[PDB]
Amino acid sequence: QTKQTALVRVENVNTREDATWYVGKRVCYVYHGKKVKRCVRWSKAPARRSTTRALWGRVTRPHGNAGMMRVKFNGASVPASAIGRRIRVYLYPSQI
Amino acid sequence: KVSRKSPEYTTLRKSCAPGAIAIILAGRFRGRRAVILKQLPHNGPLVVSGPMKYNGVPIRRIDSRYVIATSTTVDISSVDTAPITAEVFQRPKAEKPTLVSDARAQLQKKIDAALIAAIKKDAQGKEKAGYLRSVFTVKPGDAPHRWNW
Amino acid sequence: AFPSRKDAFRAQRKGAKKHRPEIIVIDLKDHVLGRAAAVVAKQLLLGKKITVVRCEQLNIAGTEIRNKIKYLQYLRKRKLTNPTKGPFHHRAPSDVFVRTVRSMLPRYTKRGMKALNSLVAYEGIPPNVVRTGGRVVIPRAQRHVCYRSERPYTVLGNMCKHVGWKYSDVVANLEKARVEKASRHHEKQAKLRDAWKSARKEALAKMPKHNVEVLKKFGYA
Amino acid sequence: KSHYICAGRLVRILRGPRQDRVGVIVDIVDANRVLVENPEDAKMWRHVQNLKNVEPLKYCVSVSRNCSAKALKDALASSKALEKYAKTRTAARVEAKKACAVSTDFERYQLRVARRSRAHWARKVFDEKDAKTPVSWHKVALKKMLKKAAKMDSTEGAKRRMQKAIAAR
Amino acid sequence: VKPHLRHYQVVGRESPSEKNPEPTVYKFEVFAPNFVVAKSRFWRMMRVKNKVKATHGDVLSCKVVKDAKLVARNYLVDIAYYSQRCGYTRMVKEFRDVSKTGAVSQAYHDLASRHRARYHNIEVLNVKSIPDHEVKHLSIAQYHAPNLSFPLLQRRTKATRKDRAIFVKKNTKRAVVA
RNA sequence: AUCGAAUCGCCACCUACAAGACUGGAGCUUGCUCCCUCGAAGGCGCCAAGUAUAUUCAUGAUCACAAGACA
RNA sequence: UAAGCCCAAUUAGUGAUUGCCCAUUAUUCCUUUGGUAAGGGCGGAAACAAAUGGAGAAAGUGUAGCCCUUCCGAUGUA
RNA sequence: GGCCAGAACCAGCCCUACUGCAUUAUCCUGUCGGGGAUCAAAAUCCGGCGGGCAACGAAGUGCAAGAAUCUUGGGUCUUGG
Ligand SMILES: [K+]
Ligand SMILES: [Mg+2]
Ligand SMILES: [Mg+2]
Ligand SMILES: [Mg+2]
Ligand SMILES: [Mg+2]
Ligand code: NA
Ligand code: NA
Ligand code: NA
Ligand code: NA
Ligand code: NA
Ligand code: NA
């Protein structure tokens, strides 16, 4: 396997033309750690402080004919403990 | 022909035109529908103010990548939109570090009063007023990639 | 299984309500064994919690005699030096389905064991599964679209009964009482169902006329 | 029902670029193919259709095998098969499916308030009927308890405790 | 589906020389996937029949012959194939198709399934459309009935690729996983 | 009681059953005709308890785990 | 109603001639290293203090390679 | 700020959209004769004769050079600003 690129299957995306709509969209993997660490708006929004963390990426291209996508995560690769877990595909950056 | 250095330069898509009702995709007011008022100079962020009495969105500047500009529009020509300048959103610099200033409160009141009148004057004004009160969500079974906006 | 007292006390401390995970219940009646197993195995690797019921009604292509012989050839494979710790030959139809799915998973990895542990299999539909929600089917693994009806097929329960499964009549009696109880409750509640259908008819006369026009345009009236 | 594949049978195309369109069988090639045509549709000239892609309808015009284009046009008009078909429930469902595919965010909202307005008035109508003759769980439960509770509250001890602890409020 | 073979008319001759100042021009009929295979089959016939090599000849035309309008017809295909065991086996078969190319493409799929014959071991001798009254086989003549009808039974109707699902509720159309 | 978490569709209308050589019902002519509820939707839910006369939303300042979640 | 065998396609009698997945391969981009390597510059252009544009510039096989541009090759037992 | 992230634009690359020229005839029509099968036809089919473009979303036939600027495609966390 080549861990630099991930495969994400989105609900109700079952064709290759379906997965082309999502190219360039932002992709996020939400998990939690053991300790509360720094976040965005650690000072501006202290309510955000939590063990929750997210890893961000972008959809690069579809994969196969059945609505799969290739996702590249920022800098690093997504952990293998994320396999079979929920991934968030956002509607931005918007082309509409 | 407009030079890139000029304040009039823009590469914004034609769907994000003034008067277009847009779905806010991110930020505090995500899911809300707002009315696109203008684009700030130098290819700046869009200024959306969905009537704050309808959905609670104030006069805020948003990026065009975080908005879905729909094909349903509202005539904004009556709304001045001139006093909404890039200096309206500038803040003083902080040294050794809800509340709304009078200038921002009066600008919001004057713009939204002319915006509400514009929506009323339009046919399907009642439907479009309740359209702006609705909230967009992604539900189970939804396929936004197949939709037309 | 049975919750610890620590788990029960923390629920009281947290004050949380009852929780049920997102579980898909599949009615495996008239489903091809290996096609349903392949579909379920992929879904388990995709993080799905799946319960399969009526595993006694799965189908295998071919005569019941040839499929019985295929199990008896499986049953004859055992570690000669120590039959214990050898292959374990399970006779229940749900155990046959679970073994089939297990062979379609990476069983010797922590990830393939997680997927297998998310599958629950039953004979019939037990009481804890009846009222949980609507059962689903796999259209691409259903017998009436997968076999030519001229060819013989076997029901997994009948084949398993003659290789060492002792609870065929228990499940048959339990399933008989289940449909008897479910049809009694379906005969009841028909007044409630007819009352809701007529309310949706009477609603069309009370609701705004322009909203009825929208309903007709999109085929809802 | 299962309608026979015959010369003159109206069919609906199941999948492909001609999906949801209606034509007439006109001719049968073998066990797998037919020669569908519909003069009143611009995209449905005479062509070969696989019999897996067609759905026979209840209408059958009176034509012969390998009929002329003029003969089918006259038969289709006189038989009124297309006018009859358009009034069916499955024909209105195909049109409604096309309206939903091209619907904008405003028409999706307008449908949402239409189905919520119908649901609201169904709830209002159900409440009126439910009050008259109990059919819901809470109204049937109340009617089973009303007699027993009346017996229990008919006693003097019940009446006194009610009076004492109502006056305290 | 449209036929995988095309109707080709290759016209050629041997290159004029001192021995043959005016060579004979030959017209050849072939059903091939493309014109490169069509020219290859043309020069195979020229070599084994007229003793003319592709290197000593030239091709005058290699155009495709236009199909007639699509009509349900009976096609007589005179075809031959080679096997090591039996040698050359020539058969005449009837097919129900709408075009000459479709009938020949059907005959190639027929010879492949029933006799394990590949394209380069098969030689088409003649294809023509015959009337209903010259059909010998009962399997073809059963489609000549003036009122021929049949129900579509045992049909596996797959959903539109956009609307196909994995898990569907048992007696509803609602998709649980899609 | 540490404990901050990942999860993001509810139902007391699906949550009964069976069949795909067919299960809306008839006729005889047995593949066509006729009747109906016309044989391609489980109900809701997606911001006014309902389609109207309306109402607080900001400064959380342009994305950031939804800064919140007993529907 | 193969997930078997033979043949045949690429979203299918619609309107043309690239379905998809995997390399230490191919194309291209970045960097290293070595050439039977190919070229340019190297006579300090002029001007310019701190408090408040910079530094370097070796006639050179090999160095922290005099500097810059360019092209090609790169695995390997004894 | 030499840190993290988002959008703008530049240049270069990498993808897609947008198509013309030639060709057709063993073809397209109409009409006579035959032939066919019907309750009667029509059609499939074979000949003579008269016209011809099956017509550019006609044909799955040969080659296509169409400035993503007009007419705001997409990507570059695969490049450097
Ligand atoms: K070098
Ligand atoms: Mg042993
Ligand atoms: Mg959170
Ligand atoms: Mg070496
Ligand atoms: Mg045409
Ligand atoms: Na087992
Ligand atoms: Na395995
Ligand atoms: Na058939
Ligand atoms: Na059949
Ligand atoms: Na030196
Ligand atoms: Na190099």
# chains A, B, ... in the order shown; residues from 1 in each chain; ligands from 1
$ closest_atom_pairs --of "chain F" --to "ligand 3" --cutoff "9 Å" --atoms "only C-alpha atoms (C1' of nucleotides) and all ligand atoms" --output "JSON lines"
{"residue": "F:5", "atom": "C1'", "partner": "ligand 3", "partner_atom_place_in_ligand_line": "1 (Mg)", "distance": 8.8}
{"residue": "F:65", "atom": "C1'", "partner": "ligand 3", "partner_atom_place_in_ligand_line": "1 (Mg)", "distance": 4.8}
{"residue": "F:66", "atom": "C1'", "partner": "ligand 3", "partner_atom_place_in_ligand_line": "1 (Mg)", "distance": 6.1}
{"residue": "F:67", "atom": "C1'", "partner": "ligand 3", "partner_atom_place_in_ligand_line": "1 (Mg)", "distance": 7.5}
{"residue": "F:68", "atom": "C1'", "partner": "ligand 3", "partner_atom_place_in_ligand_line": "1 (Mg)", "distance": 7.2}
$ interface_residues --of "chain F" --to "chain D" --cutoff "10 Å" --atoms "only C-alpha atoms (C1' of nucleotides)" --output "PyMOL selection string"
chain F and resi 12+22+24+31-32+38-41+43-46+49-51
$ residues_near_ligand --ligand "ligand 9" --cutoff "9 Å" --atoms "only C-alpha atoms (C1' of nucleotides) and all ligand atoms" --output "number ranges by chain"
C: 148; E: 151-155; F: 21
$ residues_around --residues "residue 115 of chain B" --least-positions-apart "5" --cutoff "8 Å" --atoms "only C-alpha atoms (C1' of nucleotides)" --output "list in words"
residues 51, 76 and 79 of chain B
$ atom_distance --atom1 "atom CA of residue 25 of chain C" --atom2 "atom CA of residue 103 of chain C"
21.1 Å
$ residues_near_ligand --ligand "ligand 2" --cutoff "9 Å" --atoms "only C-alpha atoms (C1' of nucleotides) and all ligand atoms" --output "PDB file with C-alpha atoms, in the first residue's frame"
ATOM      1  CA  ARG C  78      -9.670 -32.773  11.282  1.00  0.00           C
ATOM      2  CA  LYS C  79      -6.274 -32.778  12.962  1.00  0.00           C
ATOM      3  CA  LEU C  80      -5.546 -36.495  13.286  1.00  0.00           C
ATOM      4  CA  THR C  81      -3.004 -36.144  16.099  1.00  0.00           C
ATOM      5  CA  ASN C  82      -5.404 -34.050  18.208  1.00  0.00           C
ATOM      6  CA  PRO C  83      -8.984 -33.563  16.966  1.00  0.00           C
ATOM      7  CA  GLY C  86      -8.376 -29.036  14.964  1.00  0.00           C
TER       8      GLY C  86
END
$ closest_residue --among "D:44, D:145, D:140, D:22" --to "ligand 5" --atoms "only C-alpha atoms and all ligand atoms"
D:44
$ interface_residues --of "chain E" --to "chain A" --cutoff "12 Å" --atoms "only C-alpha atoms" --output "JSON, numbers by chain"
{"E": [160, 161, 162, 163, 164, 165, 166, 175, 176, 177, 178]}
$ write_last_selection --atoms "N, CA and C atoms" --output "mmCIF file, in the first residue's frame"
data_model
loop_
_atom_site.group_PDB
_atom_site.id
_atom_site.type_symbol
_atom_site.label_atom_id
_atom_site.label_comp_id
_atom_site.auth_asym_id
_atom_site.auth_seq_id
_atom_site.Cartn_x
_atom_site.Cartn_y
_atom_site.Cartn_z
ATOM 1 N N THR E 160 -31.284 1.480 -12.495
ATOM 2 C CA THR E 160 -30.384 2.465 -13.074
ATOM 3 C C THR E 160 -29.154 2.605 -12.189
ATOM 4 N N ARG E 161 -27.982 2.718 -12.820
ATOM 5 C CA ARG E 161 -26.732 2.731 -12.068
ATOM 6 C C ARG E 161 -26.717 3.822 -11.005
ATOM 7 N N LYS E 162 -27.369 4.953 -11.270
ATOM 8 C CA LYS E 162 -27.441 6.014 -10.271
ATOM 9 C C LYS E 162 -28.310 5.607 -9.089
ATOM 10 N N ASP E 163 -29.349 4.813 -9.334
ATOM 11 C CA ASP E 163 -30.331 4.469 -8.315
ATOM 12 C C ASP E 163 -30.123 3.083 -7.719
ATOM 13 N N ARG E 164 -29.030 2.406 -8.053
ATOM 14 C CA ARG E 164 -28.779 1.092 -7.478
ATOM 15 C C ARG E 164 -28.312 1.222 -6.032
ATOM 16 N N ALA E 165 -28.665 0.228 -5.221
ATOM 17 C CA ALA E 165 -28.419 0.256 -3.788
ATOM 18 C C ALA E 165 -27.786 -1.055 -3.344
ATOM 19 N N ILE E 166 -27.279 -1.054 -2.111
ATOM 20 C CA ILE E 166 -26.671 -2.238 -1.516
ATOM 21 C C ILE E 166 -27.705 -2.940 -0.645
ATOM 22 N N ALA E 175 -33.781 2.776 0.290
ATOM 23 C CA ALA E 175 -32.418 2.265 0.287
ATOM 24 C C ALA E 175 -31.757 2.580 1.622
ATOM 25 N N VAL E 176 -31.252 1.544 2.289
ATOM 26 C CA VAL E 176 -30.576 1.736 3.567
ATOM 27 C C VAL E 176 -29.102 2.049 3.350
ATOM 28 N N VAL E 177 -28.443 1.295 2.476
ATOM 29 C CA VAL E 177 -27.072 1.564 2.063
ATOM 30 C C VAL E 177 -27.073 1.706 0.548
ATOM 31 N N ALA E 178 -26.551 2.825 0.059
ATOM 32 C CA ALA E 178 -26.562 3.112 -1.371
ATOM 33 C C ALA E 178 -25.386 3.999 -1.771
#
$ interface_residues --of "chain D" --to "chain B" --cutoff "9 Å" --atoms "only C-alpha atoms" --output "list in words"
residues 101, 102, 103, 104, 105, 106, 109 and 110 of chain D
$ interface_residues --of "chain E" --to "chain G" --cutoff "6 Å" --atoms "only C-alpha atoms (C1' of nucleotides)" --output "PyMOL selection string"
chain E and resi 1-2+109+112-113+116
$ write_last_selection --atoms "N, CA, C and O atoms" --output "PDB file, in the first residue's frame"
ATOM      1  N   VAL E   1     -26.598  -4.581 -29.034  1.00  0.00           N
ATOM      2  CA  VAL E   1     -25.351  -3.864 -29.250  1.00  0.00           C
ATOM      3  C   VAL E   1     -24.993  -3.910 -30.732  1.00  0.00           C
ATOM      4  O   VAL E   1     -25.330  -4.863 -31.433  1.00  0.00           O
ATOM      5  N   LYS E   2     -24.325  -2.864 -31.210  1.00  0.00           N
ATOM      6  CA  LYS E   2     -23.955  -2.794 -32.611  1.00  0.00           C
ATOM      7  C   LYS E   2     -22.888  -3.841 -32.931  1.00  0.00           C
ATOM      8  O   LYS E   2     -22.063  -4.176 -32.080  1.00  0.00           O
ATOM      9  N   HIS E 109     -19.999 -15.445 -33.291  1.00  0.00           N
ATOM     10  CA  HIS E 109     -20.238 -15.809 -31.900  1.00  0.00           C
ATOM     11  C   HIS E 109     -20.844 -17.200 -31.794  1.00  0.00           C
ATOM     12  O   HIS E 109     -20.588 -17.925 -30.828  1.00  0.00           O
ATOM     13  N   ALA E 112     -18.086 -19.734 -32.333  1.00  0.00           N
ATOM     14  CA  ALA E 112     -17.180 -19.733 -31.191  1.00  0.00           C
ATOM     15  C   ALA E 112     -17.748 -20.537 -30.031  1.00  0.00           C
ATOM     16  O   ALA E 112     -17.032 -21.325 -29.406  1.00  0.00           O
ATOM     17  N   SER E 113     -19.030 -20.348 -29.725  1.00  0.00           N
ATOM     18  CA  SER E 113     -19.620 -21.017 -28.573  1.00  0.00           C
ATOM     19  C   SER E 113     -19.871 -22.493 -28.844  1.00  0.00           C
ATOM     20  O   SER E 113     -19.603 -23.341 -27.985  1.00  0.00           O
ATOM     21  N   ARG E 116     -16.078 -23.821 -30.838  1.00  0.00           N
ATOM     22  CA  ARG E 116     -14.779 -23.342 -30.364  1.00  0.00           C
ATOM     23  C   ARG E 116     -13.883 -22.918 -31.528  1.00  0.00           C
ATOM     24  O   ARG E 116     -12.724 -23.320 -31.629  1.00  0.00           O
TER      25      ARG E 116
END
$ select_by_dssp --residues "chain D" --states "strand (DSSP E or B)" --output "list in words"
residues 5, 9, 10, 11, 12, 13, 22, 23, 24, 28, 33, 34, 35, 36, 37, 47, 48, 49, 50, 54, 55, 56, 57, 58, 59 and 60 of chain D
$ write_last_selection --atoms "N, CA, C and O atoms" --output "JSON list (two decimals), in the first residue's frame"
[["chain", "number", "residue", "atom", "x", "y", "z"],
["D", 5, "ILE", "N", -45.20, -9.41, -25.51],
["D", 5, "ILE", "CA", -44.40, -8.69, -26.49],
["D", 5, "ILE", "C", -44.96, -9.06, -27.86],
["D", 5, "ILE", "O", -44.70, -10.14, -28.38],
["D", 9, "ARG", "N", -47.40, -3.60, -29.40],
["D", 9, "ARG", "CA", -47.32, -3.41, -27.95],
["D", 9, "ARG", "C", -46.56, -2.14, -27.62],
["D", 9, "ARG", "O", -45.47, -1.90, -28.15],
["D", 10, "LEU", "N", -47.14, -1.32, -26.75],
["D", 10, "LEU", "CA", -46.44, -0.16, -26.22],
["D", 10, "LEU", "C", -45.50, -0.59, -25.11],
["D", 10, "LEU", "O", -45.85, -1.40, -24.25],
["D", 11, "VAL", "N", -44.28, -0.05, -25.13],
["D", 11, "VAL", "CA", -43.27, -0.37, -24.14],
["D", 11, "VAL", "C", -42.64, 0.92, -23.63],
["D", 11, "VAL", "O", -42.67, 1.95, -24.31],
["D", 12, "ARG", "N", -42.08, 0.85, -22.43],
["D", 12, "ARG", "CA", -41.30, 1.94, -21.86],
["D", 12, "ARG", "C", -39.85, 1.49, -21.73],
["D", 12, "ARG", "O", -39.58, 0.38, -21.26],
["D", 13, "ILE", "N", -38.92, 2.35, -22.16],
["D", 13, "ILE", "CA", -37.51, 2.00, -22.11],
["D", 13, "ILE", "C", -37.02, 2.11, -20.67],
["D", 13, "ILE", "O", -37.29, 3.10, -19.98],
["D", 22, "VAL", "N", -41.38, 6.06, -24.44],
["D", 22, "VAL", "CA", -42.42, 5.12, -24.83],
["D", 22, "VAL", "C", -42.36, 4.91, -26.34],
["D", 22, "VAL", "O", -42.22, 5.87, -27.09],
["D", 23, "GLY", "N", -42.46, 3.65, -26.76],
["D", 23, "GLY", "CA", -42.47, 3.31, -28.17],
["D", 23, "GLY", "C", -43.36, 2.11, -28.43],
["D", 23, "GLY", "O", -43.97, 1.56, -27.52],
["D", 24, "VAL", "N", -43.42, 1.72, -29.70],
["D", 24, "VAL", "CA", -44.27, 0.63, -30.17],
["D", 24, "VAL", "C", -43.39, -0.45, -30.78],
["D", 24, "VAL", "O", -42.42, -0.14, -31.48],
["D", 28, "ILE", "N", -40.53, -7.92, -34.30],
["D", 28, "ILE", "CA", -39.75, -8.78, -33.42],
["D", 28, "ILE", "C", -38.65, -9.43, -34.24],
["D", 28, "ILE", "O", -38.93, -10.08, -35.25],
["D", 33, "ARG", "N", -34.46, -9.23, -29.20],
["D", 33, "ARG", "CA", -34.50, -7.88, -29.74],
["D", 33, "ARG", "C", -35.83, -7.60, -30.43],
["D", 33, "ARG", "O", -36.51, -8.50, -30.91],
["D", 34, "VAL", "N", -36.18, -6.31, -30.46],
["D", 34, "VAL", "CA", -37.37, -5.81, -31.15],
["D", 34, "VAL", "C", -37.00, -4.51, -31.85],
["D", 34, "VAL", "O", -35.91, -3.97, -31.67],
["D", 35, "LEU", "N", -37.93, -4.00, -32.66],
["D", 35, "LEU", "CA", -37.72, -2.79, -33.46],
["D", 35, "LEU", "C", -38.71, -1.73, -33.01],
["D", 35, "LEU", "O", -39.77, -1.54, -33.61],
["D", 36, "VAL", "N", -38.34, -0.98, -31.98],
["D", 36, "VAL", "CA", -39.24, -0.02, -31.35],
["D", 36, "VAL", "C", -39.26, 1.27, -32.16],
["D", 36, "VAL", "O", -38.26, 1.65, -32.78],
["D", 37, "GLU", "N", -40.42, 1.94, -32.18],
["D", 37, "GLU", "CA", -40.54, 3.26, -32.80],
["D", 37, "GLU", "C", -41.74, 4.00, -32.21],
["D", 37, "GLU", "O", -42.74, 3.38, -31.85],
["D", 47, "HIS", "N", -35.65, 1.86, -34.23],
["D", 47, "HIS", "CA", -34.35, 1.39, -33.75],
["D", 47, "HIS", "C", -34.54, 0.03, -33.10],
["D", 47, "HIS", "O", -35.65, -0.40, -32.81],
["D", 48, "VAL", "N", -33.42, -0.66, -32.88],
["D", 48, "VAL", "CA", -33.42, -1.98, -32.26],
["D", 48, "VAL", "C", -33.25, -1.82, -30.76],
["D", 48, "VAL", "O", -32.31, -1.17, -30.30],
["D", 49, "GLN", "N", -34.15, -2.43, -29.99],
["D", 49, "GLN", "CA", -34.10, -2.42, -28.54],
["D", 49, "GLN", "C", -33.95, -3.85, -28.03],
["D", 49, "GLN", "O", -34.66, -4.75, -28.49],
["D", 50, "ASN", "N", -33.04, -4.05, -27.09],
["D", 50, "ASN", "CA", -32.96, -5.32, -26.39],
["D", 50, "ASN", "C", -34.20, -5.49, -25.51],
["D", 50, "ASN", "O", -34.69, -4.54, -24.91],
["D", 54, "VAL", "N", -36.91, -3.07, -22.16],
["D", 54, "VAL", "CA", -38.27, -2.62, -22.41],
["D", 54, "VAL", "C", -39.18, -3.10, -21.29],
["D", 54, "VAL", "O", -38.90, -4.10, -20.62],
["D", 55, "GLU", "N", -40.26, -2.37, -21.08],
["D", 55, "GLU", "CA", -41.29, -2.73, -20.11],
["D", 55, "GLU", "C", -42.64, -2.67, -20.80],
["D", 55, "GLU", "O", -43.15, -1.56, -21.05],
["D", 56, "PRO", "N", -43.25, -3.81, -21.13],
["D", 56, "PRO", "CA", -44.54, -3.78, -21.84],
["D", 56, "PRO", "C", -45.62, -3.09, -21.02],
["D", 56, "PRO", "O", -45.71, -3.25, -19.80],
["D", 57, "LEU", "N", -46.45, -2.32, -21.72],
["D", 57, "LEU", "CA", -47.56, -1.59, -21.12],
["D", 57, "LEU", "C", -48.87, -2.28, -21.51],
["D", 57, "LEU", "O", -48.90, -3.23, -22.29],
["D", 58, "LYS", "N", -49.98, -1.78, -20.95],
["D", 58, "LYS", "CA", -51.27, -2.40, -21.18],
["D", 58, "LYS", "C", -51.87, -2.06, -22.54],
["D", 58, "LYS", "O", -52.91, -2.62, -22.89],
["D", 59, "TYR", "N", -51.24, -1.17, -23.30],
["D", 59, "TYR", "CA", -51.79, -0.69, -24.56],
["D", 59, "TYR", "C", -51.11, -1.37, -25.73],
["D", 59, "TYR", "O", -49.90, -1.61, -25.72],
["D", 60, "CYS", "N", -51.91, -1.70, -26.75],
["D", 60, "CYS", "CA", -51.44, -2.40, -27.93],
["D", 60, "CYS", "C", -52.19, -1.84, -29.13],
["D", 60, "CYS", "O", -53.41, -2.03, -29.24]]
$ interface_residues --of "chain A" --to "chain B" --cutoff "12 Å" --atoms "only C-alpha atoms" --output "list in words"
residues 10, 11, 12, 13, 14, 15, 16, 17, 18, 19, 20, 21, 22, 23, 24, 25, 26, 43, 44, 67, 88, 89, 90, 91, 92, 93, 94, 95 and 96 of chain A
$ residues_near_ligand --ligand "ligand 6" --cutoff "6 Å" --atoms "only C-alpha atoms (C1' of nucleotides) and all ligand atoms" --output "PyMOL selection string"
chain C and resi 95+98-99
$ write_last_selection --atoms "N, CA, C and O atoms" --output "CSV table (one decimal), in the first residue's frame"
chain,number,residue,atom,x,y,z
C,95,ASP,N,-24.1,-20.3,12.2
C,95,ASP,CA,-22.7,-20.6,12.3
C,95,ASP,C,-22.1,-20.9,11.0
C,95,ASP,O,-20.9,-20.6,10.8
C,98,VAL,N,-21.6,-17.4,9.5
C,98,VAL,CA,-20.5,-16.6,10.1
C,98,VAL,C,-19.2,-17.2,9.6
C,98,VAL,O,-18.2,-16.4,9.4
C,99,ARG,N,-19.1,-18.5,9.5
C,99,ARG,CA,-17.8,-19.1,9.0
C,99,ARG,C,-17.6,-18.7,7.5
C,99,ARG,O,-16.5,-18.4,7.2
$ closest_atom_pairs --of "chain D" --to "ligand 5" --cutoff "9 Å" --atoms "only C-alpha atoms and all ligand atoms" --output "JSON lines"
{"residue": "D:42", "atom": "CA", "partner": "ligand 5", "partner_atom_place_in_ligand_line": "1 (Mg)", "distance": 8.9}
{"residue": "D:43", "atom": "CA", "partner": "ligand 5", "partner_atom_place_in_ligand_line": "1 (Mg)", "distance": 7.9}
{"residue": "D:44", "atom": "CA", "partner": "ligand 5", "partner_atom_place_in_ligand_line": "1 (Mg)", "distance": 8.9}
{"residue": "D:45", "atom": "CA", "partner": "ligand 5", "partner_atom_place_in_ligand_line": "1 (Mg)", "distance": 6.7}
{"residue": "D:46", "atom": "CA", "partner": "ligand 5", "partner_atom_place_in_ligand_line": "1 (Mg)", "distance": 8.7}
$ interface_residues --of "chain E" --to "chain F" --cutoff "9 Å" --atoms "only C-alpha atoms (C1' of nucleotides)" --output "PDB file with C-alpha atoms, in the first residue's frame"
ATOM      1  CA  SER E 149     -46.269 -12.834 -28.993  1.00  0.00           C
ATOM      2  CA  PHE E 150     -44.763 -13.993 -25.711  1.00  0.00           C
ATOM      3  CA  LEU E 153     -40.647 -13.975 -17.771  1.00  0.00           C
ATOM      4  CA  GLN E 154     -37.711 -14.761 -15.447  1.00  0.00           C
ATOM      5  CA  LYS E 169     -35.884  -2.397   2.967  1.00  0.00           C
ATOM      6  CA  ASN E 171     -40.997  -4.746   1.099  1.00  0.00           C
ATOM      7  CA  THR E 172     -40.318  -1.065   0.329  1.00  0.00           C
ATOM      8  CA  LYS E 173     -38.048   0.655  -2.183  1.00  0.00           C
ATOM      9  CA  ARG E 174     -36.195   2.690   0.462  1.00  0.00           C
TER      10      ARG E 174
END
$ residues_around --residues "segment 127-129 of chain E" --least-positions-apart "3" --cutoff "8 Å" --atoms "only C-alpha atoms (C1' of nucleotides)" --output "PyMOL selection string"
(chain E and resi 73-78+100+104+124) or (chain H and resi 45)
$ write_last_selection --atoms "C-alpha atoms (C1' of nucleotides)" --output "PDB file, in the first residue's frame"
ATOM      1  CA  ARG E  73     -34.895 -10.407 -41.657  1.00  0.00           C
ATOM      2  CA  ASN E  74     -33.751 -13.988 -42.153  1.00  0.00           C
ATOM      3  CA  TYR E  75     -30.098 -14.281 -43.144  1.00  0.00           C
ATOM      4  CA  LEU E  76     -28.496 -17.319 -44.764  1.00  0.00           C
ATOM      5  CA  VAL E  77     -24.805 -17.495 -43.841  1.00  0.00           C
ATOM      6  CA  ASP E  78     -22.558 -19.930 -45.710  1.00  0.00           C
ATOM      7  CA  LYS E 100     -25.699  -8.368 -42.875  1.00  0.00           C
ATOM      8  CA  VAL E 104     -22.252 -12.494 -39.648  1.00  0.00           C
ATOM      9  CA  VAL E 124     -17.387 -16.717 -44.670  1.00  0.00           C
TER      10      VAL E 124
ATOM     11  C1'   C H  45     -37.760 -11.727 -51.132  1.00  0.00           C
TER      12        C H  45
END
$ closest_atom_pairs --of "chain C" --to "chain G" --cutoff "7 Å" --atoms "only C-alpha atoms (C1' of nucleotides)" --output "JSON lines"
{"residue": "C:145", "atom": "CA", "partner": "G:1", "partner_atom": "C1'", "distance": 6.1}
{"residue": "C:146", "atom": "CA", "partner": "G:1", "partner_atom": "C1'", "distance": 5.4}
{"residue": "C:147", "atom": "CA", "partner": "G:1", "partner_atom": "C1'", "distance": 5.7}
{"residue": "C:148", "atom": "CA", "partner": "G:1", "partner_atom": "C1'", "distance": 5.7}
$ closest_atom_pairs --of "chain C" --to "ligand 7" --cutoff "10 Å" --atoms "only C-alpha atoms and all ligand atoms" --output "CSV"
residue,atom,partner,partner_atom_place_in_ligand_line,distance
C:100,CA,ligand 7,1 (Na),9.6
C:101,CA,ligand 7,1 (Na),9.3
C:102,CA,ligand 7,1 (Na),7.7
C:103,CA,ligand 7,1 (Na),4.6
C:104,CA,ligand 7,1 (Na),5.0
C:105,CA,ligand 7,1 (Na),5.8
C:106,CA,ligand 7,1 (Na),6.2
C:107,CA,ligand 7,1 (Na),7.7
C:108,CA,ligand 7,1 (Na),9.6
